[PDB]
Every structure is written in structure tokens, then in C-alpha cells.
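J.: I have a structure I would like to understand better, so I am pasting it below and will then ask my questions one at a time.
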Amino acid sequence: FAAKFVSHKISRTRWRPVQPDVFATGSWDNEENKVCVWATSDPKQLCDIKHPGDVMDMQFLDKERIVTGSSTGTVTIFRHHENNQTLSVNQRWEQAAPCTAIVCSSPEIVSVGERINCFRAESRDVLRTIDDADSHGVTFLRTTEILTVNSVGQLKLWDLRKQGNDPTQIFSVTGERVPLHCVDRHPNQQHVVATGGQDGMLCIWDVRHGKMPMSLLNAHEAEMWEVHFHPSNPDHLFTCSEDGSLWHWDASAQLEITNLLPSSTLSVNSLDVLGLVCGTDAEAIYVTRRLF
Amino acid sequence: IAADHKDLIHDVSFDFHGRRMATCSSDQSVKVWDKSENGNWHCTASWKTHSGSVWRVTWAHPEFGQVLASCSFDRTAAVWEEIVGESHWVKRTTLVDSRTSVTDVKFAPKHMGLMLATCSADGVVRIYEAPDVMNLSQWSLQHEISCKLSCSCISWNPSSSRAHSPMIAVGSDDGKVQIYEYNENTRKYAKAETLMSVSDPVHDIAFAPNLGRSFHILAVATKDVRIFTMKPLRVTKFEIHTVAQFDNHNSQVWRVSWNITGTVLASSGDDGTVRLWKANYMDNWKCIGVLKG
Amino acid sequence: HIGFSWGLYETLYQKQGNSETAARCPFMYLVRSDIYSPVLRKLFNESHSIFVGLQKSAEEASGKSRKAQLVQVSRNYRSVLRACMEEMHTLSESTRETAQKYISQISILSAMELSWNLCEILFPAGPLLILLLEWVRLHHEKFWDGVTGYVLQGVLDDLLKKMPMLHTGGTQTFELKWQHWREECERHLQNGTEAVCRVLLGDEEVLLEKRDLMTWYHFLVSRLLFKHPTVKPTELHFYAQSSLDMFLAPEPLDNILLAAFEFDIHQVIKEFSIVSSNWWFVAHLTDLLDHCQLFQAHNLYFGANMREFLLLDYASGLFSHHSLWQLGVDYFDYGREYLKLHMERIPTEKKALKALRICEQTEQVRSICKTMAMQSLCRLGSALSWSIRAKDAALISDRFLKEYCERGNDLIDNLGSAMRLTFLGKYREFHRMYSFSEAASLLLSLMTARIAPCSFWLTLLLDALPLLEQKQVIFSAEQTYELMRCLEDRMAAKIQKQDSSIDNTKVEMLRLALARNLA
Amino acid sequence: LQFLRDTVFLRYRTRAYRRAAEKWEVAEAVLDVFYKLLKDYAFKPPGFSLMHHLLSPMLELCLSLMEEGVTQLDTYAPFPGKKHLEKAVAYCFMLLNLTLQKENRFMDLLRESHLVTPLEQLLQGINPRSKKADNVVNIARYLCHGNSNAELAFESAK
């Protein structure tokens with residue numbers, strides 16, 4: 001677990017599309033908001049992105065392109081031409097209030113706010129806009145269905161496929177205690193979903209099998225942070241908490257959850273792990289690159 | 001960046017965060033600055049507040065909202081609220097009651113509610129409250145007390161209430177110092193004590209944040225700097241000591257300001273020097289350093 | 001003329017100046033922070049991390065309770081500090097094609113590392129001297145010196161070998177046997193009446209000459225290594241460093257070293273202040289000294305007070321780096337109210353997390369949260385939701401006014417939020433729409449309180465009665481009259497046909513009640 | 001060819017998660033597809049790429065199947081499952097044997113074509129992997145010997 005001081009409170013981390021070796025990172029909360037591509041693995045600051053605007057959305061828009069969403073709900077994307085070390089800023093929209101999470105449905109980069117502005121693949125005009133005010137859960141349950149989850153943790157399946165502006169369905173806990181921080185939707189089947197309770201609970205979900213709260217928990221300490229999951233072992237996953245904490249809940253094992261990570265630090269940035277981070281609720285600086 | 005005021009700038013004030021600045025001048029306009037995240041102060045808005053020169057300005061606590069109060073030689077105080085949608089600031093109300101040109105206006109501490117004081121050539125300190133927080137136009141006149149005639153400055157005790165009682169220092173002319181407190185349920189201001197040994201005209205006075213200290217500190221910029229220590233103890237329940245005097249300005253001390261914590265005092269004067277002060281372990285003040293211009 | 005305002009900004013009122021040189025033209029003046037630089041951030045951040053580690057380890061060890069482990073644990077922390085100093089040294093030259101800055105800072109860091117080594121040695125003397133020689137090194141006759149220097153830190157040729165053997169026969173011994181061993185070697189040298197051979201004889205004159213050619217510290221290390229490995233009296237050694245150093249003649253650093261040898265620690269602190277760095281690191285060192293202050297010293301008790309001052313100084317030094325602020329609060333426990341107030345002044349998710357941390361460890365922070373929600377409202381719904389949530393955590397009346405206005409002018413969201421009397425009434429109305437318990441709850445909500453559209457609610461109640469037939473309302477007709485009186489009062493303070501219709505509708509309920517009575 | 005192979009490995013875990021009977025059938029189908037590929041074995045470069053794909057995760061999958069087989073001998077029968085499971089085991093046995101004779105000629109030719117470098121790495125990296133990791137296959141062979149059901153035993157001895 002080779003740590004590395006960026007001396008920069010990290011907000012983003014991607015095992016890039018190209019194992020978890022091409023790291024990229026977006027550093028919010030600095031006087032000229034930061035992001036670096038090819039850093040570091042070894043200095044390798046090939047694209048330490050000099051950038052106004054911060055990182056709300058973020059996506060490796062190709063293996064040589066990078067999508068992102070900017071601080072005021074603006075939009076920001078370039079094409080990571082790693083050969084010649086320059087790039088071209090692809091997407092720059094003004095007023096898509098920031099965005100609260102980031103979803104995908106290829107290649108319409110869907111998202112949610114804390115209003116929806118469906119830009120898409122080369123859709124430099126804002127095509128779909130089901131402008132429904134949200135009182136941070138965002139994904140593709142099936143193309144192009146989604147489920148907006150307001151800060152009552154209040155999930156509601158809507159779409160952008162057919163017309164309409166309501167939601168089609170709604171997932172909800174009995175008490176709506178926590179706010180919209182961290183939900184889960186399984187790659188084992190895109191109709192399988194969970195969530196993490198900001199008390200330190202789970203909140204597992206059944207789409208077909210009713211709509212009940214399947215599995216809570218009581219394991220972590222703080223708000224639900226983010227979960228490292230294996231990108232091919234769906235079951236293998238480990239849990240975390242909003243100090244940056246991490247309890248290894250060996251879920252390909254059966255509750256085998258321990259003091260996992262190089263712990264006790266401040267928070268963690270954003271999640272992508274394949275072959276890595278599981279970013280916390282508060283996004284500070286940390287690193288380890290030994291994810292096998 | 002040039003203030004953008006044609007006439008001379010009387011006062012500058014920071015918001016709660018310290019990100020925004022308000023200015024007022026004799027050009028009758030109030031300017032609000034934004035400290036951009038890119039570090040340059042840019043003015044947010046400027047408007048013609050009053051008919052006559054605007055001496056003083058202040059910001060209310062951010063819980064109430066974005067409110068700035070202003071003070072003029074036109075004998076009025078105005079309350080303004082920032083409109084996000086914008087002309088940027090709208091008049092909430094006008095206070096006509098002062099029969100003469102007003103020197104100063106200050107919001108009270110946040111715990112008290114929307115409350116402000118003002119002092120004028122009439123020499124009558126007035127306190128206004130907003131009894132409904134919802135009605136920012138509903139400003140009642142809470143109290144009126146008499147002082148003397150000439151110079152004026154006000155400075156509330158910023159002590160959080162629950163821990164301490166409200167009191168306010170008024171510095172007019174002088175070397176004479178006048179101090180006032182609040183009574184139990186008389187609900188009237190009484191003169192607990194006075195700050196003695198005041199020298200020349202009291203250009204400025206400020207009360208220091210009493211964070212982690214039982215005693216209270218007030219500094220006056222006369223044409224000398226003084227620091228007074230107030231201690232209540234327990235009819236009467238007040239005592240002052242004079243901590244220090246400082247003449248290294250050699251001239252008028254126009255401004256005295258405190259740190260957010262009350263750790264640092266600052267003083268400025270006709271030498272064109274700004275001095276920062278720390279308290280010793282002995283509770284004597286020492287000059288840390290001097291900025292010049 | 002100077003006008004200064006804390007945010008910091010300095011501006012000048014129109015005046016001759018002062019000076020102005022070359023020229024002063026109402027130029028914007030930026031006044032602020034001791035803390036600076038990009039890499040500076042790394043070093044400051046690293047220092048903060050080290051402080052955090054120190055806080056983390058010692059307390060845990062104490063929880064473990066008394067052990068030698070504590071003696072070794074302290075040594076490990078010192079080693080970590082040395083490693084950090086090495087990293088700082090590495091960072092520097094890493095500066096590339098460029099100017100000159102922080103070179104002096106790195107020199108100061110090296111001096112501090114040397115001081116920490118001395119402190120660890122104080123917390124064996126021969127090993128310490130060897131380590132000092134090594135640190136000095138890190139910071140023909142020359143070949144002979146190299147041959148010796150390394151040894152000390154752990155026919156002519158034959159004569160030199162013999163001299164070396166004689167030197168060996170002294171280190172081995174009984175110090176009395178070494179005294180006699182040196183004398184014999186000196187006698188042999190006298191008989192010899194070549195320079196290398198004399199050096200091998202030693203005993204011990206040349207080392208001083210070498211120091212004169214140089215350094216006094218090196219000479220002292222040599223003395224610890226090859227003469228007698230007891231270090232007790234430093235007057236003579238001090239004179240040698242003082243005189244040998246003068247002969248050799250950075251001067252300020254030498255003076256600081258002399259002060260350290262005096263043992264300070266007040267003088268050392270003064271020297272650090274004169275250097276002005278590291279400030280926070282120096283404060284940490286002072287805190288460590290206070291922790292150590294084991295040996296029954298009144299000065300140490302005063303020393304403890306000085307250490308307490310240092311933490312306050314560190315807090316003053318801290319400015320805006322959130323993790324650093326948290327570390328400072330932790331140091332203070334071992335500020336709270338200002339921190340939260342400062343966060344409120346700064347004025348979102350990260351701020352909320354900080355507030356939660358403060359709660360775990362307040363009112364001002366809550367007020368700041370309320371102000372932020374109000375600003376959001378100025379989002380026109382989500383700001384109210386957020387602010388309302390903050391209020392619930394501990395404005396509510398205002399939220400009720402807004403929600404009630406919205407429900408007169410979303411419904412599911414309102415129901416979820418409710419899951420207050422007005423909200424209950426709205427729920428009852430919803431139940432009535434769904435299609436008696438709901439209608440009853442709506443009327444109880446009305447009797448508790450009233451609403452300005454209120455007329456619409458009354459109409460809805462009348463509709464419910466019509467659906468029901470108003471058998472048991474009886475009170476409502478009496479209740480209705482009171483409402484009418486209230487309306488009249490409102491009119492006095494400040495649709496007639498419509499008002500008549502409501503009365504007719506009410507009459508129907510009374511008729512239904514009469515029919516029920518007949519039944 | 002890419003779509004089916006990718007689906008099949010994923011399904012095998014997917015098959016295991018839901019319906020043992022239906023997962024097993026999918027695995028059998030995958031084995032049949034592998035057999036078809038073996039029978040089948042610019043264009044030369046594509047073939048080399050296919051060989052590289054054949055030679056770490058894929059190797060592990062065979063090991064996992066062997067582990068299932070080791071589990072399998074102790075319990076179940078389940079002949080329909082056994083046929084499909086048995087068929088899959090036979091395919092795994094055969095592919096390595098059939099592949100190896102083809103592979104040595106094939107891999108050297110691929111290296112010659114490269115004079116591609118990554119594919120050559122498969123020749124290097126793939127070769128290191130092959131030795132195993134022997135035990136899991138060996139345990140399955142032992143189980144087959146214990147069973148004395150014939151077949152499986154031939155592929156195991158070969």
C-alpha cells in the first residue's frame with residue numbers, strides 16, 4: 001500500500017479506461033482547482049490540469065478523453081491526448097447550483113442535482129431536460145431509466161426515454177432519516193441494488209422482490225462514504241465510513257469485517273478500483289496503489 | 001483596485017466570513033466587494049444610499065440574512081437586504097428618528113436578535129430591534145439615552161449571551177470615557193462606569209471578543225492608544241483597570257480594530273503606520289510588528 | 001494616511017504621502033500571512049501529519065500504560081522526525097533550474113535534526129558521538145584522516161602499523177592501562193624523532209592541529225572515540241570549539257549550537273525565534289520537552305507553562321487548512337468554539353462534515369448552517385428542505401408558512417417531510433380526496449389553527465360534510481358561526497353571495513343530523 | 001466470438017449465483033464453444049491474438065472448474081448435471097492436450113510474426129502460468145481415479 005502525499009486534498013480518483021495502474025485524480029478545494037492525469041505511479045504529471053472550475057462530474061470520456069462536470073453545475077471535458085501531452089477542451093456548458101453525483105448511460109452522461117440537463121454523445125445542445133426540482137442517487141437501471149434520490153434519501157425511478165416528468169416508481173425507507181449520500185446498484189444484475197446507511201448501515205434493495213428494505217446494518221461509524229468493489233468479482237466488496245474510514249466487509253467470502261485500510265487519516269476522494277479508492281464523504285488526501 | 005469612490009472613504013467593514021467588504025464614502029454610495037475565489041477583490045454592487053455623506057456601515061449576523069446598515073449626515077440610517085436575483089440591495093427601512101447627523105451605527109451580537117445602536121450629533125444613543133425576524137422592515141425603537149455633544153463612536157460587547165450580559169461603550173469627544181450596561185428587567189441602559197484618562201478626541205473604540213477570558217477588553221484610539229480591562233464582580237458590579245497606553249504613533253490614532261478571536265489588536269494613525277499588538281503572559285500589550293505606507 | 005481592515009486589506013485616504021515612492025496612487029494593498037508556497041504546503045502538510053502521528057502514538061502508548069516501550073517509542077518518533085528532515089532535504093535540491101529560496105530553511109531543518117539527535121541521546125555517549133560525527137560528514141595527510149575518521153566512527157609502513165597497534169592497545173585498556181599505553185607510544189615517537197607514523201602513535205596532540213586546520217565538534221568526536229569515551233566536562237572542549245572554530249574562521253548557526261551546548265532551553269527558543277522557523281515545529285519540540293520535563297524542576301513547571309504557551313502560538317499560526325485546524329484542536333485538548341465560528345465565517349458538504357465533527361467533540365456553527373440554508377432559499381425549495389433539516393437537527397415556523405402556502409397554491413414530498421398541525425390537516429384533506437377520520441383530523445387541525453386562504457379549507461370541509469352528509473357536525477355549525485365571527489372581525493380590521501352558499505351547505509348537514517335523530 | 005466468450009465466463013459466476021442446473025448448462029455450452037474453437041484452430045495475426053487470449057484469468061477459470069470437479073466427486077449424481085459437468089471437464093482436459101501440440105508450433109510462429117510483442121509476452125507469461133498451480137487439476141484426476149467411471153481418467157493421465 002504505497003501511500004503518496006500529493007499535498008493536495010483529493011476529490012477524485014479513477015483507475016482509468018485504457019489494471020488499476022493509470023491513475024488520474026481531480027483535486028477540488030484549491031485556489032485554482034486541480035486535476036492530474038497520468039499522475040503518478042513515476043512523477044508523471046503529464047496532465048496536471050490547470051483549471052478554473054472544480055470537479056462535480058468526472059469521467060474517462062475515452063482512453064484518450066476525459067469528461068467532467070464543473071463546480072457551478074458547469075460542464076468540463078477534454079480529450080486526453082496522452083501522446084503529445086496536450087489536449088482539446090471538448091465540452092464546456094454553463095448552467096447544467098452544482099450536480100450531486102454522476103451517472104452514466106453510454107454515452108449520454110446522465111446525472112442528478114441536489115433539475116436534469118441531458119447532454120450526451122456530441123450533444124452539445126442540451127437535448128432532454130425534465131426540469132424537476134430535486135428536494136443524489138443517479139444511475140442507469142436500464143437504458144434509459146433512472147431513479148432520482150433526494151436528500152431524504154428518497155429514490156424514485158423516472159426516465160428520459162419516454163416523455164414525462166414525474167417519476168415512475170419510488171424506493172423509500174420507513175423513516176427517511178439519512179440524506180442522499182451513497183446508494184448501490186449491482187453489476188451482477190442491473191435490477192439489483194443496495195445502499196449504505198449513513199449511520200453505518202447497509203440499505204439493501206429488491207426491485208423485483210417487492211420493494212422492502214432488505215438489509216440494513218450497524219457496522220460503520222459515520223456517513224456512508226463509498227465502497228470499493230471488485231470490477232469483476234461483483235460480490236467482493238468492502239465497506240467504509242465518512243472519516244475516510246474503511247472496514248473490510250469480506251463480501252465475496254460470512255460477515256468478515258475488520259479495520260481494513262491504512263486507516264485513521266482524513267477523508268478519501270472518489271472510487272474506481274479494478275485489479276484505487278473508495279472515496280469518503282469529505283474527500284481529503286490519501287493514496288495506496290496495491291489493489292490486487 | 002480603486003474603491004471607485006469620488007469622495008473620501010469614511011469606513012470599510014468585513015462581513016462575517018471576511019470574504020465580503022462594504023465601503024461607504026462621502027459620495028453617498030455604498031460599495032460591496034466580493035473576494036473572488038480567484039484572489040482579486042471585485043465590487044459586487046455600488047448604489048446611492050443617501051442624500052448626504054455616509055459615515056458608517058456595518059453587517060448583521062449571517063443567520064438573519066444579507067443585511068447591511070448604513071449611517072449618514074442626512075440624519076438617517078438605512079437597512080439594506082441583498083437580492084441574489086439582481087439594484088442588488090433593496091432598502092428594508094429608514095430610521096428618521098435621529099434629529100441630527102449620525103456618526104455611527106452597529107449591529108448588536110447575534111444572540112440578542114436583530115438589534116442595532118446608533119449615535120448622533122443629538123447625542124442620543126438609540127437602539128432599534130426587529131421584533132419579528134420575518135419582518136425585516138419592522139424596526140421598532142427599543143431605547144433612547146442621552147450622552148453629551150461632539151464626536152461619537154459605539155461598540156457593543158460581542159460576548160455570546162447566556163455566558164454574559166449586554167453592555168456597550170460610547171466614546172464621544174475626550175480624555176473622557178463613557179460606558180453603559182443593561183439592567184435586569186428595568187430593560188433600560190444604566191451607566192455602570194466610565195473609561196478614565198481618555199486623551200484628545202476619541203476617534204475610535206472597539207470591544208474585543210472575550211473568547212476563553214472571564215474579563216473583557218476595550219481599546220480606544222484617542223490620539224494615544226489605550227486598552228481597558230473590565231471585570232464584573234459581586235449594589236454596583238463593575239471595575240476597570242487600564243492595561244496599557246501607547247504613543248509610538250506620535251499622533252492621532254484614527255482606527256483601532258480587534259482580531260476575530262480578540263488575540264490581536266491593531267492601531268493606525270497619522271504616522272501612516274499600522275501596529276499589530278499581542279498580549280503578554282503578564283497581560284501587558286506588546287507591538288508584534290508595524291506595517292507602513 | 002493608512003486605513004487597515006481585517007478580512008486583509010490596506011488602502012490609503014487621499015494624502016500627500018507617505019511617501020510616495022516611487023509613486024503611491026490609491027494602490028490596492030493586500031495584507032495577510034509566516035505561511036506560504038506550493039511546496040511549502042507539502043512541508044507544512046508533512047509537519048501536520050507528523051504532529052498527528054505524535055498525538056496518535058503517545059496517547060495510545062499511555063493507554064497501554066508504563067513500559068520501557070515508552071523509552072523506545074520516544075526514540076522511534078525522533079527517528080521519524082529525522083526521516084522527515086531527510087525528506088525535506090531531498091525536496092530542496094529537487095528544486096530545479098531556478099532561484100534561491102528555502103536553502104536557508106533546509107539548513108535550519110538540518111540544524112534542527114542535529115538538535116533532535118542530541119535530545120534523543122540525552123533521553124551510549126560514545127554511540128551518540130559516533131552519530132554526531134556521521135551527521136557532520138553528511139552535512140597523503142587527507143587520506144590518513146579518511147582512514148582514521150572512518151575507524152573512529154566504527155619500514156615506514158611497518159612503523160605506522162606498530163603505531164596503530166599501540167593506539168589499539170589503549171582503547172582496550174582499563175583506562176589506567178590506556179594512560180600508560182599512550183605514554184609508551186609517545187616515547188617511541190620521541191625515539192623515532194613519518195608523519196603518518198606519528199599520527200598512528202597519536203597520544204594525542206595532532207587531533208587539535210587538525211581541528212585548527214579545519215572543526216571543534218569533529219575534534220570532540222575524535223576525543224570521545226579514541227582518547228577516553230567519557231564526555232563529562234565540556235569547558236575544555238568548549239574552549240577548543242570556540243578557539244578552534246575562531247581559527248577556522250553560518251556564524252549564527254554556530255552561536256545557536258553554542259547556546260544548545262549551554263543547554264538552553266530558553267536561549268535555544270530565542271535563537272529559534274530569531275530564525276523564525278520552524279515555528280510550529282519548534283512549538284512541537286517545546287511540547288515534547290514539557291512532556292519530558294521529568295526531573296523535579298521548578299523551572300520545568302515554568303517550563304510546562306512555556307510549553308502551554310507554544311501550543312497557543314501554534315494555534316495562532318494555523319490559518320485555513322482544515323486538517324491542520326483539526327490537529328490544532330486536538331493539540332489544545334491534550335480551541336473549539338472559535339474553530340466552528342471561523343467555519344461559519346468562511347461559509348458545503350465538507351462544512352457539514354466539520355459541523356458533525358464539532359458535534360461529536362456549536363451554536364454559532366448551527367447559526368451559520370441556518371444562514372447558508374437561507375441563502376440557498378434566496379434553490380427556492382431545496383434550500384428550505386436543507387435549512388428545515390438543519391433546524392430539525394438543532395425557521396421551522398417559516399417552513400410551515402412556506403409549505404402551507406405551497407399546498408394552497410410536491411404533495412408526496414410534503415407528506416414524507418411531515419412523517420405540524422397544518423401538515424396534519426393537509427394529510428386529512430388528502431385522505432378525504434382518496435375517499436371520515438381524515439376529515440375529523442382536518443377539522444381538529446383547523447380548530448388548533450387557521451390559514452389565510454382558510455376559506456378554501458372551509459370549502460373543502462363543507463365538501464367533505466356533503467360527501468358524509470354532516471350528521472354529527474352539530475359543533476361545526478356552532479363552530480362555523482365562530483369562524484364567521486372571526487371573518488367579520490378580520491373585515492373590521494381591514495364574495496357575499498359565496499358566503500351565503502356556505503351557510504346553505506351547512507344547513508344541509510343540520511337537516512341530515514335531524515334526519516338521523518328521527519331515525 | 002468475443003461477445004460469447006466474454007458472456008460465458010461472466011455467466012459461469014452468473015450461472016453459479018442463480019440456478020445450479022441452469023448455470024451448469026451455460027458452462028457446458030461454453031465448453032462446447034471452446035471445443036468448436038479448438039476444431040477451428042492479417043488472418044494469421046488474428047489467430048495469434050486468439051492464441052494470446054487463450055493463454056491468466058482464462059487459465060484460472062479452468063482451475064476453478066477443476067476445483068468444482070474435486071468438490072464434485074464427493075457429492076451429487078445428478079447425471080444430467082454430471083454429463084454437462086462431465087462434458088465440461090472432458091473439454092477442459094482435451095483443450096489443454098489438443099491445444100498444447102498445436103500451441104508449441106503456433107506460439108513460435110506467432111513470435112516469428114512479431115519479429116505482436118504483447119502476444120509474445122503471452123508466449124512468455126503464458127508459459128510461466130501453465131506449470132501451475134498443478135495441484136487442483138491433480139486432485140480432480142485423483143477423484144476421477146477414485147470414481148473409476150472411465151474417460152475423464154484418460155484425459156487426466158494424458
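Following the order of the C-alpha cells, first chain is A, next is B, and so on, with residues numbered from 1 inside each chain and ligands from 1 in the order they appear.
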Find the residues in chain B near chain C: any atom within 7 Å counts, using only C-alpha atoms. Write them as an NGL selection string.
T.: :B and (1-2 or 8-9 or 12-14 or 16-19 or 62-65 or 84 or 261 or 268 or 270 or 272-273 or 293)
J.: Write out as a ChimeraX atom specification which residues come within 12 Å of residue 143 in chain D when counting only C-alpha atoms, dropping same-chain ones fewer than 2 positions away.
T.: /D:66-75,136-141,145-150,152-153,156
J.: So which residues touch range 449-464 of chain C within 7 Å, counting only C-alpha atoms, skipping near sequence neighbours fewer than 6 positions away, as a compact mmCIF listing (two decimals) with N, CA and C atoms, in the first residue's frame?
T.:
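Full text of selection11.txt as output:
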```
# COMPACT_ATOMS: atom_id res chain seq x y z
N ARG C 432 -59.34 12.59 2.54
CA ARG C 432 -60.69 12.87 2.07
C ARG C 432 -60.76 12.74 0.55
N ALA C 439 -61.12 13.70 7.55
CA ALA C 439 -61.90 14.90 7.67
C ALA C 439 -61.92 15.42 9.11
N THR C 505 -75.08 25.24 2.59
CA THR C 505 -74.45 23.93 2.65
C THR C 505 -74.45 23.41 4.08
```
J.: With a distance cut-off of 8 Å and only C-alpha atoms, select the neighbouring residues of range 103-120 of chain C, excluding the residue or stretch itself and same-chain residues fewer than 5 positions from it, and output the selection as a ChimeraX atom specification.
T.: /C:75,78,81-82,85,88-89,92,128,132,135,253,260,277-278
J.: Pull out every residue of chain C that has at least one atom within 6 Å of chain A, counting only C-alpha atoms, and report them as a PyMOL selection string.
T.: chain C and resi 42+350+382
J.: Could you list, as an NGL selection string, every residue within 6 Å of residue 68 in chain A, counting only C-alpha atoms and ignoring same-chain residues fewer than 6 positions away?
T.: :A and (57-59 or 76-77)
J.: What are the nearest atom pairs, with distances in Å to one decimal, for all residues of chain A that come at most 10 Å from chain D, using only C-alpha atoms, set out by chain and rising residue number as a tab-separated table?
T.:
```
residue	atom	partner	partner_atom	distance
A:188	CA	D:14	CA	7.4
A:189	CA	D:14	CA	9.1
A:232	CA	D:10	CA	8.3
A:233	CA	D:13	CA	8.8
A:234	CA	D:13	CA	9.4
```
J.: Which residues of chain A sit at most 9 Å from chain B, using only C-alpha atoms? Give each one's shortest atom pair and distance in Å (one decimal place), in chain and ascending residue order, as JSON lines.
T.:
```
{"residue": "A:31", "atom": "CA", "partner": "B:37", "partner_atom": "CA", "distance": 6.5}
{"residue": "A:32", "atom": "CA", "partner": "B:38", "partner_atom": "CA", "distance": 7.3}
{"residue": "A:52", "atom": "CA", "partner": "B:38", "partner_atom": "CA", "distance": 8.7}
```
J.: Which neighbours of residue 196 in chain C fall inside 9 Å, counting only C-alpha atoms, when residues of the same chain fewer than 5 positions from it are skipped, and could you give them as a ChimeraX atom specification?
T.: /C:140-141,144,156-157,160,201
J.: Can I get the selection written as a compact mmCIF listing (two decimals), in the first residue's frame, with N, CA, C and O atoms?
T.:
```txt
# COMPACT_ATOMS: atom_id res chain seq x y z
N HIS C 140 48.16 10.53 1.32
CA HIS C 140 48.54 11.81 1.89
C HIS C 140 47.91 12.00 3.27
O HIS C 140 47.32 11.07 3.83
N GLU C 141 48.06 13.20 3.82
CA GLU C 141 47.51 13.50 5.14
C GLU C 141 45.99 13.38 5.14
O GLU C 141 45.40 12.86 6.09
N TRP C 144 45.08 9.82 5.21
CA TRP C 144 45.27 9.30 6.56
C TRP C 144 44.09 9.67 7.44
O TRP C 144 43.62 8.86 8.24
N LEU C 156 58.71 2.25 6.98
CA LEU C 156 57.81 3.30 7.45
C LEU C 156 56.40 2.76 7.64
O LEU C 156 55.72 3.08 8.61
N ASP C 157 55.96 1.92 6.70
CA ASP C 157 54.64 1.31 6.78
C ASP C 157 54.54 0.42 8.01
O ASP C 157 53.53 0.41 8.71
N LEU C 160 54.15 2.53 11.00
CA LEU C 160 52.78 3.02 11.07
C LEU C 160 51.87 1.94 11.65
O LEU C 160 50.99 2.23 12.46
N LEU C 201 50.99 6.85 16.28
CA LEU C 201 51.36 6.98 17.68
C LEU C 201 50.32 7.81 18.44
O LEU C 201 49.95 7.47 19.56
```
J.: How many Å lie between CA of residue 81 in chain A and CA of residue 12 in chain A, rounded to one decimal?
T.: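 We find that CA of residue 81 in chain A and CA of residue 12 in chain A lie 19.9 Å from each other.
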J.: Could you tell me how far CA of residue 26 in chain B sits from CA of residue 5 in chain B, in Å to one decimal place?
T.: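 Calculated distance between CA of residue 5 in chain B and CA of residue 26 in chain B is 8.2 Å.
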J.: Neighbouring residues of residue 225 in chain A were defined as those with any atom within 8 Å, considering only C-alpha atoms; residues of the same chain fewer than 5 positions away were excluded. Please report them as a list in words.
T.: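 Those residues are residues 181, 182, 240, 241, 242, 244, 278, 279, 280 and 281 of chain A.
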J.: Could you pull out the alpha helix (DSSP H) residues of range 263-302 of chain C from DSSP and send them as a PyMOL selection string?
T.: chain C and resi 266-275+279-292+298-302
